[PDB]
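There is one chain below, alone, in structure tokens, taken in the form deposited in one PDB entry.
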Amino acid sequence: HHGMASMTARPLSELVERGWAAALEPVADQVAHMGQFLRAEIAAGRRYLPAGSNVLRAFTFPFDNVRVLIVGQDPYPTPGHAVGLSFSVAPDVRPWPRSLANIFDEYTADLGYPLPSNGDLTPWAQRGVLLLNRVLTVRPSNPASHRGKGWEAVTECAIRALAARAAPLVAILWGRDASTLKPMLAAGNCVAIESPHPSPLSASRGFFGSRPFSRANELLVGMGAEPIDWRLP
């Protein structure tokens, strides 16, 4: 079994991939502290999402290959939806969360691809996209309930570590909150794509028509980097 126990007891090198373990070394104490927090939650008769083994999932793909950042706020509050990658759901989830449906609509309009068969964004993560939530856990059906609990330092470290590399980075920033992250990225070889959030509350205010995927690839090519294969089955 993998989860909060490993977060408290095991070194980062045993939790995340090698590049990420080095990049996140400054928040090694904080990850341990978050394990403690989750241990305290369970003791008090509360649950958290996603599964323990998925909390740090975004950092289980090669740090050296990350070329695009997509930031979310916190995990889906619907139990079974959050899988440790921002916006992603398990391949069996139907229908997908409305935010993801909106992302996929723009995906089809921008790229001309057919609608994906399922809501699993793992291929993006396997191809160099960091699907990072700012807060990595949440109490079921209680959005933002773990905000300010200590995850912010960890995910800030991830962002700043990425920016610290010489390599080009495209940051796709959806919503007002994600926009306030620009200062974290300013020291790097980075370009931001900014739009309203794909949430139904704000998607039709400018997310649709924003074409973030083709734009990200254009910017990467311009910066001399490999584009992302955005194609989903």
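We call the rigid core whatever largest set of C-alpha positions still superposes within 1.5 Å between the two forms. Quick note: we count residues from 1 along the sequence shown, nothing fancier.
A second form of this protein, the form deposited in another entry, is not displayed here; the remarks below concern that form.
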Can you tell which of 65, 199, 53, 36 moves its Cα by 2 Å or more between the shown form and the other one, with the two forms laid on the rigid core?
199
Core-aligned CA displacement of residue 190 at least 2 Å between the shown form and the other one:
yes
Between residue 201 and residue 121, does the Cα distance in that other deposited form come out closer or farther than in this form, changing by 3 Å or more?
closer
Given that the distance between the C-alpha atoms of residue 200 and residue 207 changes by 3 Å or more in that other deposited form, do they end up closer or farther than here?
closer
